[PDB]
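Listing of structure-v3.tsv, TSV, C-alpha atoms
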```tsv
chain	number	residue	atom	x	y	z
L	31	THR	CA	-22.87	13.93	-7.71
L	32	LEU	CA	-23.74	14.13	-11.41
L	33	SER	CA	-20.03	14.36	-12.29
L	34	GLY	CA	-19.11	11.35	-10.15
L	35	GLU	CA	-21.93	9.21	-11.53
L	36	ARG	CA	-21.03	10.06	-15.12
L	37	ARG	CA	-17.34	9.39	-14.41
L	38	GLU	CA	-18.21	5.94	-13.07
L	39	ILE	CA	-20.51	4.87	-15.92
L	40	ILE	CA	-17.91	5.89	-18.50
L	41	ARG	CA	-15.35	3.86	-16.55
L	42	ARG	CA	-17.45	0.69	-16.45
L	43	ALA	CA	-18.49	0.84	-20.12
L	44	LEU	CA	-15.36	2.34	-21.72
L	45	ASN	CA	-14.05	0.31	-24.67
L	46	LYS	CA	-16.59	-2.49	-24.12
L	47	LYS	CA	-17.57	-4.65	-27.08
L	48	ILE	CA	-21.04	-6.20	-27.05
L	49	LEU	CA	-22.34	-8.69	-29.63
L	50	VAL	CA	-26.04	-7.93	-30.09
L	51	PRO	CA	-28.31	-10.55	-31.73
L	52	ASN	CA	-30.56	-9.68	-34.66
L	53	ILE	CA	-33.43	-7.84	-32.98
L	54	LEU	CA	-35.83	-8.75	-35.81
L	55	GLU	CA	-35.70	-12.36	-34.59
L	56	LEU	CA	-37.57	-11.20	-31.48
L	57	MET	CA	-40.63	-10.14	-33.54
L	58	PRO	CA	-40.86	-13.14	-35.88
L	59	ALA	CA	-44.53	-12.91	-36.91
L	60	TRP	CA	-44.04	-9.30	-38.11
L	61	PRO	CA	-42.34	-9.25	-41.53
L	62	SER	CA	-40.19	-6.50	-43.03
L	63	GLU	CA	-40.49	-5.40	-46.65
L	64	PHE	CA	-39.11	-2.59	-48.84
L	65	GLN	CA	-41.26	-0.25	-50.93
L	66	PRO	CA	-40.26	-1.08	-54.53
L	67	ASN	CA	-39.56	2.49	-55.71
L	68	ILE	CA	-37.11	3.64	-53.01
L	69	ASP	CA	-34.30	4.35	-55.50
L	70	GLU	CA	-36.45	6.42	-57.87
L	71	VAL	CA	-37.89	8.37	-54.94
L	72	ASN	CA	-34.37	9.09	-53.71
L	73	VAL	CA	-33.58	10.66	-57.10
L	74	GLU	CA	-36.50	13.03	-56.50
L	75	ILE	CA	-35.45	13.58	-52.88
L	76	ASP	CA	-31.93	14.53	-53.95
L	77	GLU	CA	-33.32	17.19	-56.30
L	78	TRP	CA	-35.67	18.45	-53.58
L	79	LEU	CA	-32.88	18.67	-50.97
L	80	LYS	CA	-31.14	21.30	-53.11
L	81	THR	CA	-34.04	23.65	-52.25
L	82	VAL	CA	-33.95	23.01	-48.48
L	83	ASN	CA	-32.42	25.83	-46.42
L	84	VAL	CA	-30.33	23.58	-44.20
L	85	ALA	CA	-26.53	23.70	-44.27
L	86	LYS	CA	-25.07	21.71	-47.16
L	87	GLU	CA	-22.75	19.62	-44.99
L	88	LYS	CA	-25.68	18.69	-42.74
L	89	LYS	CA	-27.91	17.78	-45.71
L	90	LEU	CA	-25.21	15.56	-47.23
L	91	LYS	CA	-24.53	13.71	-43.99
L	92	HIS	CA	-28.20	13.02	-43.26
L	93	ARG	CA	-28.75	11.86	-46.84
L	94	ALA	CA	-25.78	9.48	-46.84
L	95	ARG	CA	-25.87	8.07	-43.30
L	96	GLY	CA	-29.56	8.51	-42.51
L	97	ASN	CA	-31.12	7.94	-45.95
L	98	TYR	CA	-34.65	8.46	-44.65
L	99	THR	CA	-36.36	7.55	-47.95
L	100	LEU	CA	-35.30	4.01	-47.05
L	101	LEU	CA	-36.91	4.40	-43.62
L	102	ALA	CA	-40.14	5.55	-45.26
L	103	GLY	CA	-39.91	2.63	-47.68
L	104	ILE	CA	-39.72	0.15	-44.80
L	105	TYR	CA	-42.44	1.81	-42.72
L	106	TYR	CA	-44.72	1.97	-45.79
L	107	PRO	CA	-43.71	-0.95	-48.02
L	108	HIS	CA	-47.05	-1.33	-49.82
L	109	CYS	CA	-47.92	2.29	-50.60
L	110	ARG	CA	-48.23	3.53	-54.15
L	111	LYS	CA	-45.17	5.38	-55.45
L	112	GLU	CA	-47.01	8.73	-55.42
L	113	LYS	CA	-47.19	8.63	-51.60
L	114	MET	CA	-43.46	8.14	-51.03
L	115	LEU	CA	-42.23	11.69	-51.67
L	116	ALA	CA	-44.20	13.41	-48.89
L	117	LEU	CA	-43.50	10.57	-46.44
L	118	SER	CA	-39.77	10.75	-47.16
L	119	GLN	CA	-39.70	14.56	-46.97
L	120	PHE	CA	-41.37	14.46	-43.56
L	121	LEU	CA	-38.62	12.23	-42.17
L	122	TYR	CA	-35.94	14.58	-43.51
L	123	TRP	CA	-37.77	17.41	-41.73
L	124	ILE	CA	-38.01	15.69	-38.37
L	125	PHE	CA	-34.39	14.51	-38.34
L	126	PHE	CA	-33.11	17.94	-39.45
L	127	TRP	CA	-35.28	19.65	-36.83
L	128	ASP	CA	-34.41	17.22	-34.03
L	129	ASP	CA	-30.71	17.70	-34.84
L	130	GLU	CA	-30.87	21.33	-33.67
L	131	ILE	CA	-32.72	20.67	-30.44
L	132	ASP	CA	-31.48	17.30	-29.22
L	133	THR	CA	-28.94	16.76	-26.45
L	134	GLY	CA	-26.04	18.03	-28.57
L	135	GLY	CA	-27.91	20.71	-30.52
L	136	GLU	CA	-27.44	24.44	-31.00
L	137	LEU	CA	-30.77	25.29	-29.34
L	138	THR	CA	-30.74	22.81	-26.47
L	139	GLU	CA	-28.88	24.90	-23.87
L	140	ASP	CA	-30.54	28.24	-24.71
L	141	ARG	CA	-33.92	29.13	-23.20
L	142	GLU	CA	-35.04	31.32	-26.11
L	143	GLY	CA	-33.40	28.97	-28.62
L	144	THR	CA	-35.68	26.12	-27.61
L	145	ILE	CA	-38.76	28.13	-26.66
L	146	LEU	CA	-38.87	30.33	-29.77
L	147	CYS	CA	-38.18	27.40	-32.11
L	148	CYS	CA	-41.01	25.44	-30.50
L	149	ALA	CA	-43.34	28.45	-30.78
L	150	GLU	CA	-42.51	28.88	-34.47
L	151	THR	CA	-42.85	25.15	-35.18
L	152	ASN	CA	-46.16	24.85	-33.31
L	153	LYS	CA	-47.47	27.79	-35.31
L	154	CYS	CA	-46.51	26.03	-38.55
L	155	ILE	CA	-48.39	22.91	-37.43
L	156	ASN	CA	-51.41	25.06	-36.60
L	157	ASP	CA	-51.16	27.05	-39.85
L	158	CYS	CA	-51.10	23.88	-41.96
L	159	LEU	CA	-53.33	21.39	-40.11
L	160	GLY	CA	-55.92	23.63	-38.37
L	161	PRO	CA	-59.33	24.67	-39.67
L	162	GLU	CA	-58.20	27.86	-41.46
L	163	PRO	CA	-54.96	26.81	-43.11
L	164	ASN	CA	-52.33	29.08	-44.59
L	165	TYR	CA	-49.51	27.10	-46.20
L	166	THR	CA	-47.28	30.06	-47.07
L	167	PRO	CA	-44.19	30.21	-44.82
L	168	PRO	CA	-43.93	33.57	-43.02
L	169	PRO	CA	-41.16	35.81	-44.40
L	170	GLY	CA	-38.86	35.27	-41.40
L	171	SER	CA	-39.35	31.49	-41.37
L	172	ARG	CA	-36.24	29.59	-40.36
L	173	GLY	CA	-35.04	26.81	-42.65
L	174	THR	CA	-36.20	23.88	-40.54
L	175	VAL	CA	-39.72	25.36	-40.27
L	176	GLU	CA	-40.02	26.85	-43.77
L	177	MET	CA	-39.56	23.33	-45.21
L	178	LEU	CA	-42.33	21.91	-43.01
L	179	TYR	CA	-45.12	24.04	-44.55
L	180	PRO	CA	-45.35	22.27	-47.96
L	181	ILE	CA	-44.80	18.87	-46.34
L	182	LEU	CA	-47.81	19.26	-44.04
L	183	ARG	CA	-49.82	20.70	-46.95
L	184	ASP	CA	-49.08	17.61	-49.03
L	185	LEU	CA	-49.77	15.15	-46.20
L	186	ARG	CA	-53.05	16.85	-45.35
L	187	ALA	CA	-54.09	16.58	-49.01
L	188	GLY	CA	-54.01	12.79	-48.54
L	189	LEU	CA	-55.59	12.60	-45.05
L	190	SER	CA	-59.22	12.75	-43.91
L	191	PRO	CA	-60.17	15.37	-41.28
L	192	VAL	CA	-60.23	12.70	-38.56
L	193	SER	CA	-56.71	11.52	-39.40
L	194	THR	CA	-55.58	15.14	-39.73
L	195	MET	CA	-56.65	15.90	-36.15
L	196	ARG	CA	-54.50	13.01	-34.91
L	197	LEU	CA	-51.47	14.05	-36.96
L	198	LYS	CA	-51.81	17.64	-35.73
L	199	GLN	CA	-52.01	16.74	-32.06
L	200	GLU	CA	-49.22	14.17	-32.32
L	201	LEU	CA	-46.92	16.78	-33.84
L	202	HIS	CA	-47.75	19.32	-31.11
L	203	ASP	CA	-47.06	16.60	-28.54
L	204	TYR	CA	-43.64	15.94	-30.06
L	205	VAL	CA	-42.71	19.65	-30.22
L	206	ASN	CA	-44.06	20.35	-26.73
L	207	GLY	CA	-42.21	17.30	-25.42
L	208	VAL	CA	-38.97	18.89	-26.61
L	209	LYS	CA	-39.95	22.21	-25.04
L	210	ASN	CA	-40.88	20.65	-21.70
L	211	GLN	CA	-37.73	18.52	-21.45
L	212	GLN	CA	-35.69	21.72	-21.04
L	213	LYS	CA	-35.70	22.23	-17.28
L	214	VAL	CA	-34.87	25.58	-15.70
L	215	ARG	CA	-33.94	23.37	-12.72
L	216	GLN	CA	-31.44	20.58	-13.49
L	217	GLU	CA	-30.98	17.68	-11.07
L	218	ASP	CA	-27.53	16.72	-9.77
L	219	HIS	CA	-27.83	13.04	-10.75
L	220	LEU	CA	-28.69	10.71	-13.60
L	221	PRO	CA	-32.44	10.04	-13.72
L	222	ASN	CA	-34.13	6.93	-12.38
L	223	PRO	CA	-34.67	4.60	-15.40
L	224	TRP	CA	-38.43	4.60	-14.73
L	225	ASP	CA	-38.65	8.39	-14.96
L	226	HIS	CA	-36.50	8.46	-18.11
L	227	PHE	CA	-38.50	5.69	-19.76
L	228	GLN	CA	-41.80	7.46	-19.00
L	229	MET	CA	-40.45	10.67	-20.55
L	230	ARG	CA	-39.38	8.87	-23.72
L	231	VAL	CA	-42.75	7.13	-24.11
L	232	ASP	CA	-44.61	10.45	-23.96
L	233	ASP	CA	-42.18	12.52	-26.04
L	234	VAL	CA	-40.86	10.17	-28.75
L	235	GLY	CA	-41.64	11.53	-32.18
L	236	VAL	CA	-42.77	8.25	-33.73
L	237	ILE	CA	-46.57	8.31	-33.29
L	238	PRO	CA	-46.82	10.66	-36.32
L	239	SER	CA	-45.31	7.80	-38.34
L	240	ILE	CA	-48.21	5.52	-37.34
L	241	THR	CA	-50.73	8.16	-38.41
L	242	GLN	CA	-48.89	8.68	-41.68
L	243	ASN	CA	-49.69	5.09	-42.58
L	244	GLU	CA	-53.20	6.46	-43.13
L	245	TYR	CA	-51.67	8.74	-45.76
L	246	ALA	CA	-49.50	5.96	-47.18
L	247	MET	CA	-52.38	3.50	-47.57
L	248	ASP	CA	-55.20	6.07	-48.11
L	249	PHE	CA	-57.62	5.07	-45.35
L	250	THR	CA	-59.11	6.36	-42.10
L	251	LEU	CA	-59.28	4.51	-38.81
L	252	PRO	CA	-62.42	5.71	-36.98
L	253	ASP	CA	-61.92	7.39	-33.63
L	254	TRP	CA	-64.26	5.01	-31.81
L	255	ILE	CA	-61.89	2.15	-32.75
L	256	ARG	CA	-58.71	4.16	-32.18
L	257	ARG	CA	-59.93	4.76	-28.59
L	258	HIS	CA	-60.66	1.06	-27.94
L	259	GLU	CA	-58.48	-0.29	-25.13
L	260	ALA	CA	-56.89	-2.92	-27.38
L	261	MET	CA	-55.97	-0.43	-30.10
L	262	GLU	CA	-54.56	2.03	-27.55
L	263	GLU	CA	-52.58	-0.90	-26.20
L	264	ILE	CA	-51.22	-1.89	-29.61
L	265	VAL	CA	-50.08	1.68	-30.26
L	266	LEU	CA	-48.44	1.85	-26.82
L	267	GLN	CA	-46.72	-1.53	-27.15
L	268	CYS	CA	-45.29	-0.67	-30.57
L	269	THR	CA	-44.17	2.72	-29.27
L	270	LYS	CA	-42.37	1.02	-26.38
L	271	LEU	CA	-40.83	-1.62	-28.67
L	272	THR	CA	-39.44	1.14	-30.89
L	273	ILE	CA	-37.98	3.09	-27.96
L	274	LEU	CA	-36.34	0.03	-26.38
L	275	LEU	CA	-34.70	-1.26	-29.55
L	276	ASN	CA	-33.55	2.29	-30.31
L	277	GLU	CA	-31.88	2.50	-26.88
L	278	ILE	CA	-29.77	-0.54	-27.78
L	279	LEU	CA	-29.01	0.40	-31.38
L	280	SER	CA	-28.05	3.99	-30.48
L	281	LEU	CA	-25.88	3.05	-27.49
L	282	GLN	CA	-22.56	3.31	-29.35
L	283	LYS	CA	-23.37	6.64	-30.99
L	284	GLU	CA	-24.58	8.18	-27.74
L	285	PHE	CA	-21.74	6.83	-25.58
L	286	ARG	CA	-19.08	8.19	-27.94
L	287	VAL	CA	-20.31	11.76	-27.36
L	288	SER	CA	-20.66	11.06	-23.60
L	289	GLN	CA	-24.45	11.39	-23.78
L	290	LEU	CA	-25.18	9.02	-20.92
L	291	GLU	CA	-28.98	9.31	-20.62
L	292	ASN	CA	-29.40	6.04	-22.51
L	293	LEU	CA	-31.64	3.42	-20.93
L	294	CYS	CA	-28.89	0.77	-21.10
L	295	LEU	CA	-26.49	2.98	-19.15
L	296	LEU	CA	-29.18	4.01	-16.65
L	297	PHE	CA	-29.83	0.31	-15.96
L	298	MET	CA	-26.10	-0.02	-15.27
L	299	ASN	CA	-26.16	2.98	-12.96
L	300	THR	CA	-29.34	2.23	-11.04
L	301	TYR	CA	-29.39	-1.59	-10.80
L	302	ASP	CA	-25.59	-2.21	-10.67
L	303	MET	CA	-25.64	-4.29	-13.87
L	304	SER	CA	-22.89	-4.74	-16.43
L	305	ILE	CA	-23.54	-3.31	-19.87
L	306	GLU	CA	-24.12	-6.85	-21.19
L	307	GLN	CA	-26.63	-7.57	-18.42
L	308	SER	CA	-28.45	-4.29	-19.10
L	309	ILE	CA	-28.81	-4.94	-22.82
L	310	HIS	CA	-30.06	-8.46	-22.04
L	311	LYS	CA	-32.75	-6.96	-19.80
L	312	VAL	CA	-33.81	-4.53	-22.54
L	313	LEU	CA	-34.12	-7.42	-24.99
L	314	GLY	CA	-36.28	-9.23	-22.45
L	315	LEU	CA	-38.62	-6.26	-22.26
L	316	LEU	CA	-38.78	-6.24	-26.07
L	317	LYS	CA	-39.97	-9.85	-26.09
L	318	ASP	CA	-42.57	-8.96	-23.44
L	319	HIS	CA	-44.05	-6.05	-25.39
L	320	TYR	CA	-44.17	-8.12	-28.58
L	321	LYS	CA	-46.25	-10.77	-26.81
L	322	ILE	CA	-48.48	-8.20	-25.10
L	323	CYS	CA	-49.13	-6.58	-28.47
L	324	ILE	CA	-50.11	-9.84	-30.17
L	325	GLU	CA	-52.42	-10.68	-27.25
L	326	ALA	CA	-54.25	-7.38	-27.76
L	327	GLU	CA	-55.19	-8.29	-31.35
L	328	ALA	CA	-57.75	-10.85	-30.19
L	329	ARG	CA	-59.54	-8.15	-28.15
L	330	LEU	CA	-60.04	-5.68	-31.03
L	331	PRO	CA	-63.67	-4.90	-32.02
L	332	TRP	CA	-63.61	-6.89	-35.25
L	333	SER	CA	-66.80	-6.68	-37.30
L	334	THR	CA	-68.90	-9.67	-38.33
L	335	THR	CA	-70.48	-7.66	-41.18
L	336	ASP	CA	-68.15	-4.86	-42.37
L	337	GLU	CA	-65.02	-6.19	-44.05
L	338	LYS	CA	-63.95	-2.68	-45.06
L	339	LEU	CA	-63.81	-1.82	-41.36
L	340	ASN	CA	-61.81	-4.99	-40.66
L	341	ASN	CA	-59.38	-4.15	-43.47
L	342	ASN	CA	-58.77	-0.73	-41.92
L	343	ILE	CA	-58.17	-2.29	-38.50
L	344	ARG	CA	-55.72	-4.78	-39.98
L	345	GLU	CA	-53.80	-2.12	-41.92
L	346	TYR	CA	-53.65	0.21	-38.92
L	347	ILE	CA	-52.09	-2.39	-36.68
L	348	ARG	CA	-49.66	-3.48	-39.41
L	349	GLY	CA	-48.58	0.16	-39.53
L	350	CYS	CA	-48.05	0.09	-35.76
L	351	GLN	CA	-46.00	-3.10	-36.00
L	352	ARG	CA	-43.88	-1.78	-38.89
L	353	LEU	CA	-42.90	1.15	-36.69
L	354	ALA	CA	-41.08	-1.34	-34.45
L	355	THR	CA	-39.71	-3.74	-37.07
L	356	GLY	CA	-39.09	-0.92	-39.55
L	357	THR	CA	-37.00	1.18	-37.18
L	358	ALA	CA	-34.86	-1.90	-36.49
L	359	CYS	CA	-34.65	-2.98	-40.14
L	360	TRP	CA	-33.65	0.55	-41.22
L	361	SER	CA	-31.04	0.79	-38.44
L	362	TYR	CA	-29.47	-2.39	-39.84
L	363	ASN	CA	-29.35	-0.83	-43.33
L	364	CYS	CA	-27.96	2.67	-42.78
L	365	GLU	CA	-25.06	4.23	-40.92
L	366	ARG	CA	-26.82	6.68	-38.58
L	367	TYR	CA	-26.01	4.58	-35.50
L	368	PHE	CA	-23.01	2.43	-36.47
L	369	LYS	CA	-20.97	1.39	-39.49
L	370	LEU	CA	-22.60	-1.42	-41.45
L	371	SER	CA	-19.28	-3.30	-41.37
L	372	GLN	CA	-20.08	-3.82	-37.66
L	373	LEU	CA	-22.76	-6.35	-38.68
L	374	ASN	CA	-21.49	-9.85	-39.35
L	375	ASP	CA	-22.80	-12.44	-41.79
L	376	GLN	CA	-25.30	-13.58	-39.12
L	377	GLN	CA	-26.71	-10.03	-38.71
L	378	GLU	CA	-25.15	-9.74	-35.26
L	379	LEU	CA	-24.03	-6.24	-34.31
L	380	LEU	CA	-20.63	-5.82	-32.61
L	381	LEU	CA	-21.04	-2.59	-30.69
L	382	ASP	CA	-17.73	-0.97	-29.72
L	383	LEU	CA	-17.87	1.73	-27.05
L	384	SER	CA	-14.32	2.95	-27.77
L	385	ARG	CA	-13.80	6.68	-28.23
```
Rewritten as structure tokens:
Amino acid sequence: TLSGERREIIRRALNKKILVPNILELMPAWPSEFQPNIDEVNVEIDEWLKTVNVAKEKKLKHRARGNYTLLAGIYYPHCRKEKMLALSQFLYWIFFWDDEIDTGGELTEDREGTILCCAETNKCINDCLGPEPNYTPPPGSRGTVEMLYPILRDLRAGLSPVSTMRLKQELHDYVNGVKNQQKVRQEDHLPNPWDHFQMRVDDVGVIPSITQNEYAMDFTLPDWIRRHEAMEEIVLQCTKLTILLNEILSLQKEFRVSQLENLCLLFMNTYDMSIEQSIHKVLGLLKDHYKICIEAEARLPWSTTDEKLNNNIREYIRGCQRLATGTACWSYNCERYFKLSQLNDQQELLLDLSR
């Protein structure tokens, strides 16, 4: 049964300590950097957060432990300072919004709660990014949608129409992924890891961060290149890298609230592995996707005559790669997932599944 399976996974992982190596060592050719104005942007973000209609205790906790201006500064280390505010605001939106509709959220176990939120959020995305935009939040707009209107307005002001179409669809995909994960018909067992992994790859909200590199660095990747098999592969590999490293780095946080649909725990449940063995297998898949991604670079349609085109290809894939390294680097520099005292002087993370 579901209850028996959960009971057993908690038993086998309870109070375990796992020493996790520095994940950035597994992507050594992909460097991490920090946008040089993060602190000054955070001063602006703190003033802006006063105007956001999200509960004060929630805003303070996200700001302190999440600190998403830092995440934007690692994803987009070479952007001009003027781009940082919108990029940082967007991350505050998506983490605030996800908080209400993720596995522990207010809306997650209510049919109308999820469905009506997704309807309102999809309408905002359409209102701001479609061909007849209206950026004014409707009078009844809830706080986590009202704040999205000016953010999308500002991002669209720095994006071409081609990049805007990608951002729009990627956001709908994220919102619809949330809506479609709510099943009227719940299964009496933990999911097969393959089914869970497929769901995460389709529904993770990170592809909008790749497209926002086109805002950050003020360029447009042409669709005919974006649809090339090697570029599709690079996007997919970096998406998978980000999901897998996030499964490891979020294991402690998720286990402590008994949220057991974590890929590491599903490996334990389905393949009869210890938690150490399961993390080791995830790290092995990380190494694989890093190598697959690098191999795809040689197949890209590089130009022999158009260096501006080549520069856009190079920046687009560096944005993809910084999604993977940046999510890891940020996780090692904030307290969303664990206390930073849990890192030692060799950047090894001592996870502690006590509760």
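Residue nearest residue 83 in chain L within the list L:324, L:214, L:177, L:273: L:177 [criterion: smallest interatomic distance, only C-alpha atoms].
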Neighbour list for residue 236 in chain L as a PyMOL selection string, cut-off 10 Å, all atoms listed in the file, skip fewer than 3 positions in-chain: chain L and resi 124+200-201+204+231+233+239-241+268-269+272-273+350+353-354+357
Exercise: residue 168 in chain L partners within 12 Å, all atoms listed in the file, chain neighbours under 4 positions left out, as number ranges by chain: L: 150-151, 153-154, 157, 164, 172-173, 175-179
Selected residue, from L:270, L:344, L:37, L:46, that lies nearest to residue 315 in chain L when counting all atoms listed in the file: L:270
Spatial neighbours of residue 382 in chain L, 8 Å, only C-alpha atoms, chain gap at least 3 places, as a PyMOL selection string: chain L and resi 45-48+282
Nearest to residue 198 in chain L by atom-to-atom distance, counting all atoms listed in the file, from L:216, L:160, L:97, L:71: L:160
Point-to-point distance in Å for CA of residue 238 in chain L and CA of residue 70 in chain L: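 Going from CA of residue 70 in chain L over to CA of residue 238 in chain L, I get 24.3 Å.
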Best match for closeness to residue 183 in chain L among L:63, L:105, L:293, L:158, counting all atoms listed in the file: L:158
Of the listed residues L:182, L:131, L:109, L:364, that which approaches residue 155 in chain L most closely, counting only C-alpha atoms: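 Looking at the shortest contact to residue 155 in chain L, the residue is L:182.
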Pick from L:54, L:44, L:208, L:330, whichever lies nearest to residue 143 in chain L using all atoms listed in the file: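 Going through L:54, L:44, L:208, L:330 one by one, the smallest distance to residue 143 in chain L is for L:208.
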